[PDB]
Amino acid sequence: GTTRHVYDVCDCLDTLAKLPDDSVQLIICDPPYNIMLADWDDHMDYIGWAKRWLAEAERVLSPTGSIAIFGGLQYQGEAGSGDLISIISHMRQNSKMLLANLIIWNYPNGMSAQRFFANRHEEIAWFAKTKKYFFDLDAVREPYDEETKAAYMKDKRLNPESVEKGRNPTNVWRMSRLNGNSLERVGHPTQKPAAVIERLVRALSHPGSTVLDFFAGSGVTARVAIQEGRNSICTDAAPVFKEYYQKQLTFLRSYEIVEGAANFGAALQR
């Protein structure tokens, strides 16, 4: 089961434009939440820009595909910026995709605050293209310890199968963010931990399927895809992305790495 991974530096719309309809199983999306100065030539707000890649993302997703969008709920109203809610409202009005879950990523540490409740969460909006979306709950269930598992097994009111398979991790994930001394750190300011991406990849895509990330950043998605047996396409507009991707690889089974948007097909093949 040799997987293929293509990467390149380019704008998200240029990546998406080269991808055929219903060719991708899962999209990992952790977008910037502000437009560029030049973007003011064609847009009046964040969504005016974001709607373009959101529509394109839905197009390349297969009938069984899903997209996980990272974002916060602290938007302050600045012109040209927005947050996950700006995206969700837009989707409710213009997209047929189903919001399967609004996941809360609750991290342990963070800054303090004297005038409000210290922020300890970030969200993940999981949109499924259709009601036939793929979902592998068993792949992400959290096992019970032997003691607790033994107690439940004695409770005949409970289904023994559910017990041995573990519990649903729920839509609130208590996971840590990366620290400045983390091993997987590559230098990217908003690098996401492999742990969070892994849960998304295992539950929202099947083995050998294609995972797409057009705001790849640190390239963590490709690393996870490779470790999980999926194919992947990772692109970012920042040239430095190439350095991070290469770094991700050093942290690493049969897989092939291919550079160049002209080779996207290599990762689309089942």
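In case it trips you up, residue 1 is the first one in the sequence shown, and so on.
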Residues with no coordinates between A262 and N263 in the deposited sequence, how many: none, 1 to 3, 4 to 9, or 10 or more?
none
Stretch with the greater mean C-alpha B-factor as recorded in the entry, comparing 101-109 against 148-156
148-156
254-262 versus 7-15 - which carries the larger mean C-alpha B factor in the record
254-262
Residue, from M36, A203, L26, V220, that the PDB entry assigns the highest Cα B-factor
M36
Which one, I87, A128, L183, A118, has the peak C-alpha temperature factor per the PDB entry?
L183
Going by the recorded CA B-factors, say which third of the chain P143 sits in, lowest, middle or highest.
highest
When the deposited Cα B-factors of this chain's modelled residues are ordered and cut into thirds, is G82 in the lowest, the middle or the highest one?
lowest
By the entry's values, the third containing the CA B factor of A216 is the lowest
Going by the entry, which third of its chain does the Cα temperature factor of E161 land in?
highest
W40 by Cα B-factor - lowest, middle or highest third of the modelled chain:
highest
